[PDB]
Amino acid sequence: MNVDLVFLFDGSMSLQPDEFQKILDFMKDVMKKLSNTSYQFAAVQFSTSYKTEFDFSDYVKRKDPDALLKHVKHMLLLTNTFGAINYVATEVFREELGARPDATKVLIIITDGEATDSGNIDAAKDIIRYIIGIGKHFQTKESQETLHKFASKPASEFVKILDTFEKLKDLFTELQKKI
């Protein structure tokens, strides 16, 4: 089961330091669970700009989530989600970076709010896309709906809403069962 999975995680100024750390720990939890499988991983932080923290070929070389994320620094700027998702589609899923032609493409987006930019994500639409929206900005059904445009269909499966960043641990507990 070859899966190329990318974490696209929010580094905007609205995240508290401990919240940003909980995202990193969540990504490590998932990668450790899937060590020695046919999964490959890449990770991109987005805020105003988009930084690839590691590509698939970095993961293949190291297979060490702690080492791969050791130097991540919280950008503390905007939340340009449209640009970020397009970036993943065109700049991360590439064979030259270790992506596999035969693999199933998965994108896991983690964010605390609405995009600050605009456009479309059509270039990424064939990727299986989950989005995890966390915190006070997604308490109403109306506010939760703003995330649907980024995720695969139906939203009932592919959009996860969490009350706090502490619930990422609980989400992992549930996800790990699906392995």
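Throughout, we count residues from 1 along the sequence that is shown.
Peer 1: In the PDB record, does 73 to 81 or 94 to 102 carry the higher mean Cα temperature factor?
Peer 2: The deposited B-factors put 94 to 102 ahead on the C-alpha mean.
Peer 1: If you average the Cα B factors in the entry, which is higher, 43 to 51 or 64 to 72?
Peer 2: The deposited B-factors put 64 to 72 ahead on the C-alpha mean.
Peer 1: Out of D58, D117, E145, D112, which one has a C-alpha B factor higher than all the others in the entry?
Peer 2: Answer for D58, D117, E145, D112: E145, with the highest C-alpha B-factor.
Peer 1: Using the B-factor values recorded in the entry, state whether the Cα atom of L34 falls in the lowest, middle or highest third among the modelled residues of its chain.
Peer 2: CA B-factor rank for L34: highest third.
Peer 1: Divide the modelled residues of the chain into thirds by Cα B-factor and specify which third, lowest, middle or highest, holds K28.
Peer 2: Ranked within chain, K28 CA B lands in the middle tercile.
Peer 1: Could you say whether, by C-alpha temperature factor, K125 belongs to the lowest, middle or highest third of its chain?
Peer 2: As the PDB entry reports it, the C-alpha B-factor of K125 lands in the middle third of its chain.
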